[PDB]
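A quick write-up on the structure given underneath.
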Amino acid sequence: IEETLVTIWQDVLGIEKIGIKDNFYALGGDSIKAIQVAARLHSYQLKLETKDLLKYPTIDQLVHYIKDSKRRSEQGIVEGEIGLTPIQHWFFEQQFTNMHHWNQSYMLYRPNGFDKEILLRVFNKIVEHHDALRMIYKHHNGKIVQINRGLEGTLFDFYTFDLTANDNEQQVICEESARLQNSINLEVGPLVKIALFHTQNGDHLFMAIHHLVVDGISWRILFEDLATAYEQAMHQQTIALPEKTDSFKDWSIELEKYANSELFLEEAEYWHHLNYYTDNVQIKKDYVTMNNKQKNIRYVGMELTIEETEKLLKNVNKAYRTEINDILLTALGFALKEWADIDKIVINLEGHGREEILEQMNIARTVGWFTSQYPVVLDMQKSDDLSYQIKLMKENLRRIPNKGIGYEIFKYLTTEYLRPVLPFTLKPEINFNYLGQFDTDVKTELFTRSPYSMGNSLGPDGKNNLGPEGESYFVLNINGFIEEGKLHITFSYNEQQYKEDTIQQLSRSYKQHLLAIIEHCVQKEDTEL
Ligand SMILES: *O=P([O])([O])O[C]C([C])([C])[C]([O])C(=O)[N][C][C]C(=O)[N][C][C][S]
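Add 542 to a position in the sequence shown, counting from 1, and you land on the number used in the authors' numbering.
Below, the structure is given as structure tokens:
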């Protein structure tokens, strides 16, 4: 029904009232919000191909393209060996020092406090429902063996700290959470570490999960099921989570099939264009250094106001019928041109990686590490013409098949005798990672973000996420997100490679060009057919 879409859109977009004529993207939608709509529909046994939502961005149009779900996923307990996925292959290939310490984290806050007994019940359901959290990793014969445990052993560690007497809540939270962050055992588990802090202003719920089994969308899913199960428990109802989508196991199995399929191999030809840019990869550094560890990384931050961010989310993409990636990367092109006099450069672009490339596979609600990464070429031709550059960036991104998911599939999954001959040793020095919007997911009726949280806990600059002795792998690590209605962009660099001021010039330049692109696009009316 259209009443179901209205409700879902309203929840997902964080907008109280939505008409059946409202444009999804003009309301602030993106491809991650789209997946969240698809996930909600799955619980109603309804199917949405997110690409339809792009062609029919209103409920009045889209209702005719919503189908019944033919796919039924594993609802029981998933167990057994699972082949590493592309981003997982990349991870082990790095051989990070203390790779057991390589996590994402988050901290929630509830002024009236959490009931601990309920939390224990809720997280038991969580690790049961979201099978990938029970993963372990073993070595057998110089090879990594990924194994999904059943309901055996310890599925998560949970600590309770009573700081209601301590006068230094922030220090203790940092010290204790750091200990959790450093205590993950990849061989026997658990990969999920949880601490509950009682304080004078309420409770703070800290969570650290090894990156091997989680990502940005997974966190959003966890937050939802956390609130849902908790709300049920405090109302003395049976804890009950939405239907499972496809398991990480089943996904990996089909992904490896795809990797060697005839249809996918035909894509190899496109990626040859990278061969024209192999010497457009390195940027100038202030200094040469041998010290390349996480402890040597610092960052510069920028942010827009709520008004500026609203324009970006709601009134910019209409100008050229773009998506936010087009805009952000166009701004980066200009910024790098003014900052280092660069005309062409190859970057590493991260995507959520949940592309409908596998048939009736649905992972809209699956917890795991699905992140894709791939080389993108930025080409600065006409610095004076915005219309030309934006349309150039747009076309460049559209010429990439299936959001670039295929490149690392070729690189890590395709068997040797089918593996195309591609420039696999290409290594961009710049990474771009825009995580998307989080306000609707973290700011609920049950809880909100913790004030004791330090920095972006879902990124590499998050406090205590990565082991300090671990090796850095990018010269410039650019990460972004929307928090409290404000776009944040951070620039992570090696302190012995660049002076802080050098990076500050890049950040300010990026902010300048981004705001200029916003003003340009705000003034351009929708005329794409
Ligand atoms: O295809 P889209 O919906 O347009 O992509 C959504 C974006 C704009 C947020 C895109 O930048 C993206 O996919 N970012 C994903 C980065 C990520 O998921 N990181 C996970 C933790 S490593």
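We treat Cβ as the ideally placed atom computed from N, Cα and C, and that holds for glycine.
Taking 7 Å as the line, does the beta carbon of residue i fall inside it for any heavy atom of ligand 1?
i, result
"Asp594", "no"
"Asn944", "no"
"residue 485", "Missing from the structure shown is residue 485; the chain here goes from 543 to 1071 and no further."
"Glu865", "yes"
"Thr913", "yes"
"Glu892", "yes"
"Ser1014", "no"
"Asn975", "yes"
"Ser647", "no"
"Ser573", "yes"
"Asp757", "yes"
"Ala580", "no"
"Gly978", "yes"
"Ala568", "no"
"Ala674", "no"
"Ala576", "yes"
Just to confirm my understanding: we take residue i, look at its own chain, exclude 5 residues before and 5 after, and list those with CB closer than 6 Å. What are they?
i, result
"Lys837", "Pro1010"
"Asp921", "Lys886"
"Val734", "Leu675, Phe698 and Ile751"
"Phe700", "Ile736"
"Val918", "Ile889 and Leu891"
"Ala576", "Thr592 and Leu595"
"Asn973", "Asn890, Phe1016 and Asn1019"
With residue i as the anchor, note down where its alpha helix (DSSP H) starts and where it stops.
i, result
"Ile848", "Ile848 to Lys856"
"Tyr930", "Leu928 to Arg940"
"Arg762", "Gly758 to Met776"
"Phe665", "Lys658 to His671"
"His584", "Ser573 to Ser585"
"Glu1037", "Unbroken run through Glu1037: none, as it is neither H nor E."
"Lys879", "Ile866 to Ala882"
Where do the ends of the beta strand (DSSP E) carrying residue i lie?
i, result
"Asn802", "From DSSP, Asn802 is part of no beta strand (DSSP E); its letter is neither H nor E."
"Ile1045", "No beta strand (DSSP E) holds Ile1045; the alpha helix (DSSP H) holding it covers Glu1042 to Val1064."
"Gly744", "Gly744 to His752"
"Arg840", "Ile839 to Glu845"
"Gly1022", "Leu1018 to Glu1025"
"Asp553", "Looking at the DSSP string, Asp553 is not in any beta strand (DSSP E); the run it does join, the alpha helix (DSSP H), is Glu544 to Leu555."
"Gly978", "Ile972 to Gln979"
"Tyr949", "Segment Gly948 to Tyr954 is the alpha helix (DSSP H) holding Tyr949; no beta strand (DSSP E) there."
Do residue i and residue j have their C-beta atoms within less than 8 Å of each other?
i, j, result
"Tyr1040", "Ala877", "no"
"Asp1068", "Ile1024", "no"
"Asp594", "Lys563", "no"
"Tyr916", "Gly946", "yes"
"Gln578", "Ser611", "no"
"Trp911", "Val687", "no"
"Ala810", "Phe952", "yes"
"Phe790", "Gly948", "no"
"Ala581", "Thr913", "no"
"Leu955", "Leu797", "yes"
"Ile1059", "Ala882", "no"
"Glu616", "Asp792", "yes"
"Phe765", "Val1017", "no"
"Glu901", "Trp632", "no"
"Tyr648", "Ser999", "yes"
"residue 1152", "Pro599", "Lying before the first or after the last residue shown, residue 1152 is absent from the chain, which here runs from 543 to 1071."
"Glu865", "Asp572", "yes"
"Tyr812", "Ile899", "no"
"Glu623", "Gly692", "no"
"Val830", "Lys969", "no"
"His584", "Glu785", "yes"
"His1030", "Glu845", "yes"
"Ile781", "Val909", "no"
"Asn833", "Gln637", "no"
Cutting at 7 Å between CB atoms, please list the residues of its own chain near residue i, excluding the five before and the five after it.
i, result
"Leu661", "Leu738"
"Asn640", "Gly1009, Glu1011 and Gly1012"
"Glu850", "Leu1057 and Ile1060"
"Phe966", "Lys953"
"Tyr607", "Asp594 and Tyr598"
"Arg961", "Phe952"
For residue i, I'd like the list of residues in its chain whose CB is within less than 8 Å of its CB, leaving aside the five on either flank, ordered along the chain.
i, result
"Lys924", "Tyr930 and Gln931"
"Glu1042", "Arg840 and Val842"
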